Structure formats: structure tokens, C-alpha cells
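Okay, run_2.cif now, which holds mmCIF, N, CA and C atoms:
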```cif
data_work
#
loop_
_atom_site.label_atom_id
_atom_site.label_comp_id
_atom_site.auth_asym_id
_atom_site.auth_seq_id
_atom_site.Cartn_x
_atom_site.Cartn_y
_atom_site.Cartn_z
N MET E 1 -5.38 9.60 -19.65
CA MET E 1 -5.85 8.52 -20.55
C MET E 1 -4.74 7.49 -20.72
N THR E 2 -5.07 6.38 -21.39
CA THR E 2 -4.10 5.31 -21.63
C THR E 2 -4.08 4.95 -23.11
N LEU E 3 -3.03 4.23 -23.52
CA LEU E 3 -2.89 3.81 -24.91
C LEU E 3 -4.03 2.90 -25.32
N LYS E 4 -4.43 2.02 -24.41
CA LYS E 4 -5.50 1.07 -24.69
C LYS E 4 -6.78 1.83 -25.07
N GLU E 5 -7.15 2.80 -24.24
CA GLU E 5 -8.35 3.61 -24.48
C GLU E 5 -8.15 4.58 -25.65
N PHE E 6 -6.97 5.19 -25.72
CA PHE E 6 -6.65 6.15 -26.78
C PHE E 6 -6.72 5.47 -28.15
N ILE E 7 -6.04 4.34 -28.26
CA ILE E 7 -6.00 3.57 -29.50
C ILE E 7 -7.42 3.12 -29.85
N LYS E 8 -8.18 2.72 -28.82
CA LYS E 8 -9.55 2.27 -29.01
C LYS E 8 -10.35 3.36 -29.73
N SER E 9 -10.10 4.62 -29.36
CA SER E 9 -10.76 5.75 -29.99
C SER E 9 -10.31 5.87 -31.44
N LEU E 10 -9.01 5.64 -31.67
CA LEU E 10 -8.44 5.72 -33.01
C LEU E 10 -8.96 4.61 -33.91
N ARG E 11 -8.91 4.89 -35.21
CA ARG E 11 -9.32 3.94 -36.23
C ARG E 11 -8.11 3.07 -36.57
N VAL E 12 -8.35 1.94 -37.25
CA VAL E 12 -7.25 1.04 -37.61
C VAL E 12 -6.16 1.79 -38.39
N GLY E 13 -6.57 2.56 -39.41
CA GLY E 13 -5.62 3.32 -40.22
C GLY E 13 -4.96 4.44 -39.41
N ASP E 14 -5.77 5.13 -38.60
CA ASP E 14 -5.28 6.23 -37.77
C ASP E 14 -4.26 5.77 -36.75
N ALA E 15 -4.51 4.61 -36.16
CA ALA E 15 -3.62 4.04 -35.15
C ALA E 15 -2.24 3.78 -35.74
N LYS E 16 -2.22 3.39 -37.02
CA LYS E 16 -0.97 3.11 -37.71
C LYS E 16 -0.06 4.33 -37.65
N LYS E 17 -0.65 5.50 -37.91
CA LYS E 17 0.10 6.74 -37.88
C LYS E 17 0.66 6.99 -36.48
N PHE E 18 -0.14 6.66 -35.46
CA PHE E 18 0.27 6.84 -34.07
C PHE E 18 1.52 6.03 -33.78
N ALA E 19 1.52 4.76 -34.19
CA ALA E 19 2.67 3.89 -33.98
C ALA E 19 3.91 4.51 -34.62
N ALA E 20 3.67 5.22 -35.73
CA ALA E 20 4.74 5.90 -36.45
C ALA E 20 5.41 6.93 -35.54
N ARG E 21 4.62 7.56 -34.65
CA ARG E 21 5.16 8.56 -33.74
C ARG E 21 6.24 7.95 -32.87
N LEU E 22 5.99 6.73 -32.44
CA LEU E 22 6.95 6.01 -31.59
C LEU E 22 7.92 5.20 -32.46
N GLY E 23 7.68 5.16 -33.78
CA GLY E 23 8.54 4.41 -34.68
C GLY E 23 8.51 2.92 -34.35
N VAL E 24 7.33 2.43 -33.92
CA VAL E 24 7.18 1.01 -33.55
C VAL E 24 6.14 0.32 -34.43
N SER E 25 6.14 -1.01 -34.39
CA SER E 25 5.20 -1.81 -35.17
C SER E 25 3.78 -1.62 -34.63
N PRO E 26 2.74 -1.83 -35.45
CA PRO E 26 1.33 -1.66 -34.99
C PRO E 26 0.97 -2.64 -33.88
N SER E 27 1.52 -3.86 -33.96
CA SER E 27 1.26 -4.88 -32.95
C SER E 27 1.93 -4.51 -31.63
N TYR E 28 3.18 -4.06 -31.73
CA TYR E 28 3.96 -3.65 -30.56
C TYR E 28 3.27 -2.49 -29.84
N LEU E 29 2.84 -1.51 -30.63
CA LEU E 29 2.17 -0.33 -30.09
C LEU E 29 1.07 -0.74 -29.10
N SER E 30 0.32 -1.76 -29.48
CA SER E 30 -0.77 -2.25 -28.65
C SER E 30 -0.27 -3.11 -27.47
N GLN E 31 0.97 -3.61 -27.55
CA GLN E 31 1.51 -4.45 -26.47
C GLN E 31 1.57 -3.68 -25.16
N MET E 32 2.09 -2.46 -25.23
CA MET E 32 2.20 -1.61 -24.03
C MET E 32 0.81 -1.25 -23.52
N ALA E 33 -0.12 -1.09 -24.45
CA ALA E 33 -1.50 -0.78 -24.10
C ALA E 33 -2.09 -1.92 -23.27
N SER E 34 -1.82 -3.15 -23.72
CA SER E 34 -2.29 -4.35 -23.03
C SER E 34 -1.54 -4.55 -21.72
N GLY E 35 -0.24 -4.23 -21.74
CA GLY E 35 0.62 -4.40 -20.58
C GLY E 35 1.46 -5.69 -20.69
N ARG E 36 1.49 -6.30 -21.89
CA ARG E 36 2.25 -7.54 -22.10
C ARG E 36 3.66 -7.28 -22.64
N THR E 37 4.14 -6.07 -22.42
CA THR E 37 5.47 -5.68 -22.86
C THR E 37 6.09 -4.69 -21.86
N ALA E 38 7.34 -4.31 -22.11
CA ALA E 38 8.03 -3.38 -21.24
C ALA E 38 8.24 -2.05 -21.95
N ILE E 39 7.88 -0.97 -21.26
CA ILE E 39 8.00 0.38 -21.82
C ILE E 39 9.27 1.05 -21.27
N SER E 40 10.17 1.40 -22.18
CA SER E 40 11.42 2.06 -21.82
C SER E 40 11.16 3.52 -21.43
N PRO E 41 12.05 4.18 -20.67
CA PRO E 41 11.84 5.61 -20.28
C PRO E 41 11.75 6.52 -21.50
N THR E 42 12.49 6.17 -22.55
CA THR E 42 12.46 6.95 -23.78
C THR E 42 11.10 6.78 -24.47
N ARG E 43 10.62 5.53 -24.53
CA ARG E 43 9.34 5.22 -25.17
C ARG E 43 8.18 5.91 -24.48
N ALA E 44 8.20 5.94 -23.15
CA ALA E 44 7.13 6.58 -22.40
C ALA E 44 6.98 8.04 -22.83
N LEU E 45 8.12 8.67 -23.09
CA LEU E 45 8.16 10.05 -23.53
C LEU E 45 7.54 10.21 -24.92
N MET E 46 7.75 9.21 -25.79
CA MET E 46 7.26 9.26 -27.16
C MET E 46 5.76 9.40 -27.21
N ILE E 47 5.07 8.55 -26.46
CA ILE E 47 3.61 8.57 -26.42
C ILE E 47 3.12 9.93 -25.93
N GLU E 48 3.76 10.44 -24.87
CA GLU E 48 3.37 11.72 -24.30
C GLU E 48 3.47 12.81 -25.36
N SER E 49 4.54 12.76 -26.16
CA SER E 49 4.74 13.72 -27.24
C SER E 49 3.81 13.40 -28.41
N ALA E 50 3.48 12.11 -28.54
CA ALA E 50 2.63 11.63 -29.62
C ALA E 50 1.22 12.20 -29.53
N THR E 51 0.67 12.28 -28.31
CA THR E 51 -0.70 12.78 -28.12
C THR E 51 -0.68 14.12 -27.40
N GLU E 52 0.14 14.17 -26.36
CA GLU E 52 0.28 15.37 -25.52
C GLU E 52 -1.07 15.86 -24.97
N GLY E 53 -2.15 15.08 -25.14
CA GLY E 53 -3.47 15.49 -24.66
C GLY E 53 -4.20 14.36 -23.93
N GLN E 54 -3.95 13.12 -24.34
CA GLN E 54 -4.63 11.96 -23.74
C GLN E 54 -3.68 11.11 -22.90
N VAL E 55 -2.66 10.54 -23.53
CA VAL E 55 -1.71 9.69 -22.82
C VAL E 55 -0.41 10.45 -22.57
N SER E 56 0.01 10.45 -21.31
CA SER E 56 1.23 11.11 -20.90
C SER E 56 2.12 10.11 -20.17
N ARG E 57 3.43 10.38 -20.15
CA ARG E 57 4.39 9.49 -19.48
C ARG E 57 3.90 9.12 -18.07
N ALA E 58 3.28 10.08 -17.40
CA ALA E 58 2.75 9.85 -16.06
C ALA E 58 1.64 8.80 -16.10
N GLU E 59 0.79 8.88 -17.13
CA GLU E 59 -0.32 7.94 -17.29
C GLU E 59 0.18 6.53 -17.53
N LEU E 60 1.21 6.42 -18.37
CA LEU E 60 1.78 5.12 -18.70
C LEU E 60 2.40 4.48 -17.47
N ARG E 61 3.14 5.28 -16.72
CA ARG E 61 3.80 4.80 -15.51
C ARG E 61 3.62 5.80 -14.35
N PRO E 62 2.43 5.88 -13.75
CA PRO E 62 2.17 6.83 -12.61
C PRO E 62 3.07 6.57 -11.40
N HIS E 63 3.56 5.34 -11.27
CA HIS E 63 4.42 4.97 -10.14
C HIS E 63 5.92 5.12 -10.44
N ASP E 64 6.32 4.84 -11.69
CA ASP E 64 7.73 4.89 -12.07
C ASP E 64 8.15 6.25 -12.64
N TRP E 65 7.19 7.03 -13.16
CA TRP E 65 7.54 8.33 -13.75
C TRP E 65 8.24 9.20 -12.69
N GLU E 66 7.84 8.98 -11.43
CA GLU E 66 8.42 9.72 -10.32
C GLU E 66 9.88 9.30 -10.09
N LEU E 67 10.28 8.17 -10.68
CA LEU E 67 11.65 7.65 -10.54
C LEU E 67 12.46 7.99 -11.79
N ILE E 68 11.79 7.90 -12.94
CA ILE E 68 12.39 8.16 -14.24
C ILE E 68 12.60 9.67 -14.45
N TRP E 69 11.62 10.47 -14.02
CA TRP E 69 11.69 11.93 -14.17
C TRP E 69 11.40 12.59 -12.80
N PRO E 70 12.22 12.30 -11.80
CA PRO E 70 12.03 12.87 -10.43
C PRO E 70 12.34 14.35 -10.35
N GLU E 71 13.23 14.83 -11.23
CA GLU E 71 13.58 16.24 -11.25
C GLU E 71 12.35 17.06 -11.62
N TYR E 72 11.61 16.59 -12.63
CA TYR E 72 10.39 17.25 -13.07
C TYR E 72 9.33 17.16 -11.98
N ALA E 73 9.15 15.94 -11.47
CA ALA E 73 8.17 15.68 -10.43
C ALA E 73 8.48 16.49 -9.18
N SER E 74 9.76 16.70 -8.92
CA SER E 74 10.19 17.47 -7.76
C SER E 74 9.61 18.89 -7.83
N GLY E 75 9.54 19.43 -9.05
CA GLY E 75 9.04 20.78 -9.29
C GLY E 75 7.57 20.94 -8.91
N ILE E 76 6.74 19.94 -9.22
CA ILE E 76 5.31 20.01 -8.91
C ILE E 76 5.06 19.84 -7.41
N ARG E 77 5.93 19.07 -6.75
CA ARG E 77 5.81 18.85 -5.31
C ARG E 77 6.04 20.16 -4.55
N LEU E 78 6.97 20.97 -5.06
CA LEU E 78 7.30 22.26 -4.44
C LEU E 78 6.04 23.09 -4.18
N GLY E 79 5.00 22.87 -4.99
CA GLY E 79 3.74 23.60 -4.83
C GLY E 79 3.48 24.58 -5.98
N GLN E 80 4.26 24.47 -7.06
CA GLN E 80 4.08 25.32 -8.23
C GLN E 80 2.91 24.80 -9.08
N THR E 81 2.50 23.55 -8.83
CA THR E 81 1.40 22.94 -9.56
C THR E 81 0.04 23.30 -8.94
N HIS E 82 -0.05 24.49 -8.33
CA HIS E 82 -1.29 24.94 -7.69
C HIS E 82 -2.39 25.29 -8.71
N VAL E 83 -2.04 25.23 -9.99
CA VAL E 83 -2.99 25.52 -11.07
C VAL E 83 -4.11 24.49 -11.01
N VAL E 84 -3.69 23.23 -10.91
CA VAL E 84 -4.63 22.11 -10.84
C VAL E 84 -4.15 21.08 -9.82
N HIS E 85 -5.10 20.52 -9.08
CA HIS E 85 -4.79 19.52 -8.06
C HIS E 85 -4.83 18.12 -8.67
N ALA E 86 -3.65 17.55 -8.85
CA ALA E 86 -3.52 16.21 -9.42
C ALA E 86 -3.11 15.21 -8.35
N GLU E 87 -3.64 13.99 -8.46
CA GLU E 87 -3.33 12.93 -7.50
C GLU E 87 -1.82 12.66 -7.46
N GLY E 88 -1.34 12.17 -6.32
CA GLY E 88 0.08 11.88 -6.15
C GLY E 88 0.41 11.61 -4.69
N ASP E 89 1.31 12.43 -4.14
CA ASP E 89 1.74 12.28 -2.74
C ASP E 89 2.30 10.88 -2.48
N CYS E 90 3.00 10.34 -3.49
CA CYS E 90 3.61 9.02 -3.38
C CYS E 90 4.70 9.02 -2.31
N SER E 91 5.46 10.12 -2.26
CA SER E 91 6.55 10.25 -1.29
C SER E 91 6.03 10.11 0.14
N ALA E 92 4.81 10.59 0.37
CA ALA E 92 4.20 10.52 1.69
C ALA E 92 4.04 9.06 2.15
N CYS E 93 3.82 8.16 1.18
CA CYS E 93 3.66 6.74 1.50
C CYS E 93 4.90 5.97 1.07
N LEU E 94 5.19 4.89 1.80
CA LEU E 94 6.36 4.06 1.50
C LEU E 94 6.02 2.58 1.67
N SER E 95 6.11 1.83 0.58
CA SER E 95 5.82 0.39 0.60
C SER E 95 7.12 -0.40 0.64
N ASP E 96 7.26 -1.25 1.67
CA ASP E 96 8.46 -2.07 1.82
C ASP E 96 8.62 -3.02 0.64
N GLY E 97 9.86 -3.18 0.17
CA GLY E 97 10.15 -4.07 -0.96
C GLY E 97 10.92 -5.32 -0.54
N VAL E 98 10.92 -5.61 0.77
CA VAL E 98 11.63 -6.77 1.30
C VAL E 98 10.83 -7.42 2.44
N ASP E 99 10.89 -8.74 2.50
CA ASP E 99 10.19 -9.50 3.54
C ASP E 99 11.11 -9.75 4.73
N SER E 100 10.81 -9.09 5.85
CA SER E 100 11.61 -9.22 7.06
C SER E 100 11.62 -10.67 7.56
N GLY E 101 10.46 -11.33 7.46
CA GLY E 101 10.32 -12.71 7.90
C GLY E 101 11.27 -13.63 7.14
N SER E 102 11.42 -13.38 5.84
CA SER E 102 12.29 -14.19 4.99
C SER E 102 13.74 -14.11 5.47
N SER E 103 14.16 -12.91 5.88
CA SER E 103 15.52 -12.69 6.36
C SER E 103 15.78 -13.53 7.61
N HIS E 104 16.98 -14.12 7.68
CA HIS E 104 17.35 -14.95 8.83
C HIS E 104 18.87 -14.97 8.99
N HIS E 105 19.33 -14.97 10.24
CA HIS E 105 20.76 -14.99 10.54
C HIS E 105 21.01 -15.68 11.88
N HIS E 106 22.08 -16.47 11.94
CA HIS E 106 22.44 -17.19 13.16
C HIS E 106 23.94 -17.46 13.19
N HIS E 107 24.53 -17.37 14.39
CA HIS E 107 25.96 -17.60 14.56
C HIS E 107 26.28 -18.02 16.00
N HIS E 108 27.50 -18.53 16.20
CA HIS E 108 27.94 -18.97 17.53
C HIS E 108 29.23 -18.26 17.93
N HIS E 109 29.31 -17.87 19.20
CA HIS E 109 30.49 -17.17 19.72
C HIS E 109 30.81 -15.94 18.88
#
```
As C-alpha cells - that is how I would like this structure written.
Amino acid sequence: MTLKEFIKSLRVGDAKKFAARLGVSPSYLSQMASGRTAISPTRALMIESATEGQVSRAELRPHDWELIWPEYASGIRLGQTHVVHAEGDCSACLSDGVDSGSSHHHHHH
């Protein structure tokens, strides 16, 4: 689940308590839900601990959690996560982060 959907389920008063879990403002809490803000590695953990049933650090950042908590992710890759089959296999794929065409070099002698 996500904060946007999770919060949506929550009531205005109830959501306030949730923001308390992260120790953040009610408006800010919704910023990450919208995606108009930046979520720190520590903050991602807060939400996961805040609900521990709907929104998890992986849900907030399915692509970066593998970078922020690779030691943990390494454990599930080993094959110990045979309890349940969860999407992933990010390591299997690799997306280039640089444009080869943009790169250029020239020299004489």
C-alpha cells in the first residue's frame, strides 16, 4: 500500500495521529503521499513502523529501498523469502544512467 491510499482510508483526525508517528506536520505527511517532497531513508522507516501492515519502506521506495537497505534485501535474494513470492529481481535488470551519444572526445597527435 501507499501513504496516499492509506491516508485516504484514514479519517482527518486519525491521520493526524499517523503524522505523529513520523513526528511530522499533517500537510508534510501528505507531501510524500503526493510525491511533491523528498523522503529520507530514516523517514521511510518511520512509515513502515507506523503501519507495519499497509505502507512499508519498500512500498515508498521499491527502487531505492534496495540501495538504502541492500543488506536486508540481500537476505531475501538468497532465497530465504520462499514463504511468499514478491516482485523484484531488480539486480537482473540494469538501466544505464548515462547517454553515450552525449559523451564526446577528440585530440591530435
Task: Hits of the PyMOL selection byres (((chain E and resi 51-58 and name CA) around 10) and name CA) in this structure, as a PyMOL selection string - done: chain E and resi 1-6+18+21+41-50+59-66+68-69+73
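Between atom CA of residue 94 of chain E and atom C of residue 79 of chain E there is a distance of 22.0 Å.
Across the model, the gap from atom N of residue 38 of chain E to atom C of residue 95 of chain E is 23.1 Å.
Counting from atom CA of residue 14 of chain E, the distance to atom CA of residue 34 of chain E is 18.4 Å.
Compared by their closest atoms to residue 24 of chain E, and using only C-alpha atoms, the residues E:72, E:91, E:39, E:78 rank with E:39 nearest.
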